[PDB]
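Peer 1: File target.cif follows (mmCIF, C-alpha atoms):
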data_work
#
loop_
_atom_site.label_atom_id
_atom_site.label_comp_id
_atom_site.auth_asym_id
_atom_site.auth_seq_id
_atom_site.Cartn_x
_atom_site.Cartn_y
_atom_site.Cartn_z
CA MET S 443 0.00 0.00 0.00
CA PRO S 444 1.69 3.28 -1.18
CA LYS S 445 0.49 5.65 1.65
CA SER S 446 3.56 5.68 4.04
CA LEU S 447 6.00 4.74 1.19
CA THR S 448 5.12 7.68 -1.19
CA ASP S 449 4.60 10.36 1.56
CA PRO S 450 6.57 13.68 2.11
CA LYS S 451 6.46 13.01 5.91
CA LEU S 452 8.36 9.68 5.45
CA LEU S 453 10.36 10.45 2.24
CA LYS S 454 12.34 13.14 4.16
CA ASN S 455 12.64 10.88 7.25
CA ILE S 456 14.64 7.91 5.93
CA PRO S 457 14.37 6.14 9.44
CA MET S 458 10.51 5.97 9.51
CA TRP S 459 10.44 5.42 5.70
CA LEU S 460 12.71 2.32 6.11
CA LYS S 461 10.34 1.33 9.01
CA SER S 462 7.66 0.43 6.51
CA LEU S 463 10.23 -2.28 5.41
CA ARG S 464 10.74 -3.41 9.10
CA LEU S 465 14.42 -2.39 8.58
CA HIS S 466 14.60 1.25 9.92
CA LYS S 467 18.39 0.84 10.71
CA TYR S 468 20.36 1.91 7.55
CA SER S 469 19.44 5.61 8.23
CA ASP S 470 22.62 5.76 10.40
CA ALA S 471 24.54 5.82 7.05
CA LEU S 472 21.67 6.62 4.58
CA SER S 473 19.62 9.59 6.05
CA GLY S 474 22.22 11.86 4.32
CA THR S 475 20.59 10.69 0.99
CA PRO S 476 17.07 12.14 0.23
CA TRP S 477 14.60 9.72 -1.44
CA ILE S 478 14.88 11.63 -4.75
CA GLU S 479 18.68 11.05 -5.01
CA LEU S 480 18.12 7.67 -3.27
CA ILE S 481 15.60 5.55 -5.14
CA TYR S 482 18.02 5.89 -8.11
CA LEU S 483 20.59 3.60 -6.39
CA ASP S 484 20.93 -0.16 -7.07
CA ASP S 485 21.66 -3.48 -5.30
CA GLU S 486 25.42 -3.13 -4.69
CA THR S 487 25.47 0.72 -4.40
CA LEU S 488 23.07 0.78 -1.44
CA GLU S 489 25.71 -1.47 0.10
CA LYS S 490 28.49 1.14 -0.54
CA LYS S 491 26.12 3.49 1.43
CA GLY S 492 26.01 0.78 4.12
CA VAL S 493 23.09 -1.44 3.27
CA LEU S 494 25.60 -4.16 4.02
CA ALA S 495 23.07 -6.90 3.56
CA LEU S 496 21.19 -8.23 0.48
CA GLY S 497 17.96 -8.60 2.50
CA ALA S 498 18.13 -4.87 3.18
CA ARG S 499 19.16 -3.67 -0.35
CA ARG S 500 16.69 -6.06 -2.22
CA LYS S 501 13.98 -5.04 0.22
CA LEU S 502 14.99 -1.49 -0.67
CA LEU S 503 14.74 -2.31 -4.44
CA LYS S 504 11.09 -3.13 -3.61
CA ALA S 505 10.63 0.13 -1.66
CA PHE S 506 12.36 2.17 -4.40
CA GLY S 507 10.59 0.95 -7.49
CA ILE S 508 7.11 1.23 -5.92
CA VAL S 509 7.92 4.92 -5.23
CA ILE S 510 9.54 5.05 -8.73
CA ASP S 511 6.20 3.76 -10.18
CA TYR S 512 4.59 6.84 -8.78
CA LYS S 513 7.53 9.34 -8.97
CA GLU S 514 8.48 8.63 -12.60
CA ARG S 515 4.80 9.68 -13.22
CA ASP S 516 4.39 12.67 -10.75
CA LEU S 517 1.71 10.80 -8.70
CA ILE S 518 3.37 11.57 -5.29
CA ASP S 519 1.94 14.31 -2.94
CA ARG S 520 4.10 17.00 -4.80
CA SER S 521 5.56 18.32 -1.50
CA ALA S 522 7.81 15.17 -1.33
CA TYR S 523 10.05 16.68 -4.01
#
Hey, can you dump this file as structure tokens for me?
Peer 2:
Amino acid sequence: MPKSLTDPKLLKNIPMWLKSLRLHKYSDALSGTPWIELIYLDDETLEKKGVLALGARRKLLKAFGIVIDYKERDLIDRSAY
């Protein structure tokens, strides 16, 4: 469900955004990257950011391309940008 994964409130709070994934722990190394520069990463590059775990980066590839499937079409709440 996209509400809490496509939301300005979460998209600018990497910790509570990653909490929708039940991860919420990469923010220690990843909150310096806003969702708009972020979702554009990949498998192994999230890991150079410190997603030092496939079942965090692949789970992020989920999180990313759902928001991509709305962002690449301007369907987000417009204040997330």
Peer 1: Selected by the PyMOL selection byres ((chain S and resi 507-509) around 10) in the shown coordinates: which residues, as a ChimeraX atom specification?
Peer 2: /S:443-444,447-449,453,477-478,481-482,502-506,510-515,517-518
Peer 1: What is the distance, in Å and to one decimal place, between atom CA of residue 500 of chain S and atom CA of residue 523 of chain S?
Peer 2: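 Separating atom CA of residue 500 of chain S from atom CA of residue 523 of chain S is a distance of 23.8 Å.
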Peer 1: For residue 464 of chain S, list every protein, DNA or RNA residue within 10 Å, evaluated using all atoms listed in the file, and leave out those in the same chain fewer than 4 positions away; present the list as a VMD selection string.
Peer 2: chain S and resid 458 to 460 498 501
Peer 1: So how many Å separate atom CA of residue 522 of chain S and atom CA of residue 483 of chain S, to one decimal?
Peer 2: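 One can read the atom CA of residue 522 of chain S to atom CA of residue 483 of chain S distance as 18.0 Å.
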Peer 1: Tell me which of S:516, S:479, S:484, S:489 sits closest to residue 454 of chain S, counting only C-alpha atoms.
Peer 2: S:479
Peer 1: So the first atom is atom CA of residue 521 of chain S and the second is atom CA of residue 480 of chain S; what is the distance between them in Å, to one decimal place?
Peer 2: 16.6 Å
Peer 1: Hey, what's within 12 Å of residue 457 of chain S if we count only C-alpha atoms and toss same-chain stuff fewer than 4 positions away? As an mmCIF file with C-alpha atoms, in the frame of the given file, please?
Peer 2:
data_model
loop_
_atom_site.group_PDB
_atom_site.id
_atom_site.type_symbol
_atom_site.label_atom_id
_atom_site.label_comp_id
_atom_site.auth_asym_id
_atom_site.auth_seq_id
_atom_site.Cartn_x
_atom_site.Cartn_y
_atom_site.Cartn_z
ATOM 1 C CA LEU S 447 6.000 4.740 1.190
ATOM 2 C CA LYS S 451 6.460 13.010 5.910
ATOM 3 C CA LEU S 452 8.360 9.680 5.450
ATOM 4 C CA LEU S 453 10.360 10.450 2.240
ATOM 5 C CA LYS S 461 10.340 1.330 9.010
ATOM 6 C CA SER S 462 7.660 0.430 6.510
ATOM 7 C CA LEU S 463 10.230 -2.280 5.410
ATOM 8 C CA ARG S 464 10.740 -3.410 9.100
ATOM 9 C CA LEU S 465 14.420 -2.390 8.580
ATOM 10 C CA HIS S 466 14.600 1.250 9.920
ATOM 11 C CA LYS S 467 18.390 0.840 10.710
ATOM 12 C CA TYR S 468 20.360 1.910 7.550
ATOM 13 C CA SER S 469 19.440 5.610 8.230
ATOM 14 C CA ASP S 470 22.620 5.760 10.400
ATOM 15 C CA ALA S 471 24.540 5.820 7.050
ATOM 16 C CA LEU S 472 21.670 6.620 4.580
ATOM 17 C CA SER S 473 19.620 9.590 6.050
ATOM 18 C CA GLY S 474 22.220 11.860 4.320
ATOM 19 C CA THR S 475 20.590 10.690 0.990
ATOM 20 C CA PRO S 476 17.070 12.140 0.230
ATOM 21 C CA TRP S 477 14.600 9.720 -1.440
#
Peer 1: Starting from the structure just given, write a file holding segment 484-495 of chain S with N, CA and C atoms, as a short mmCIF file (atom, residue, chain, number, x, y, z; two decimals), in the first residue's frame.
Peer 2:
data_model
loop_
_atom_site.label_atom_id
_atom_site.label_comp_id
_atom_site.auth_asym_id
_atom_site.auth_seq_id
_atom_site.Cartn_x
_atom_site.Cartn_y
_atom_site.Cartn_z
N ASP S 484 21.02 1.22 -6.62
CA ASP S 484 20.93 -0.16 -7.07
C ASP S 484 21.21 -1.11 -5.90
N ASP S 485 21.21 -2.41 -6.19
CA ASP S 485 21.66 -3.48 -5.30
C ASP S 485 22.98 -3.15 -4.60
N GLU S 486 24.11 -3.23 -5.31
CA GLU S 486 25.42 -3.13 -4.69
C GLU S 486 25.78 -1.70 -4.28
N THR S 487 25.13 -0.66 -4.81
CA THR S 487 25.47 0.72 -4.40
C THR S 487 24.81 1.15 -3.11
N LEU S 488 23.62 0.63 -2.78
CA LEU S 488 23.07 0.78 -1.44
C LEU S 488 24.05 0.22 -0.40
N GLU S 489 24.80 -0.81 -0.77
CA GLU S 489 25.71 -1.47 0.10
C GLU S 489 26.99 -0.65 0.31
N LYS S 490 27.44 0.12 -0.69
CA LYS S 490 28.49 1.14 -0.54
C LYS S 490 28.04 2.34 0.31
N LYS S 491 26.72 2.53 0.49
CA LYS S 491 26.12 3.49 1.43
C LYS S 491 26.01 2.91 2.84
N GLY S 492 25.87 1.60 2.94
CA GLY S 492 26.01 0.78 4.12
C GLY S 492 24.87 -0.16 4.37
N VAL S 493 24.07 -0.38 3.34
CA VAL S 493 23.09 -1.44 3.27
C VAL S 493 23.82 -2.75 3.04
N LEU S 494 24.59 -3.12 4.05
CA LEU S 494 25.60 -4.16 4.02
C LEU S 494 25.04 -5.56 4.25
N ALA S 495 24.02 -5.80 3.46
CA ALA S 495 23.07 -6.90 3.56
C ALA S 495 22.12 -6.94 2.36
#
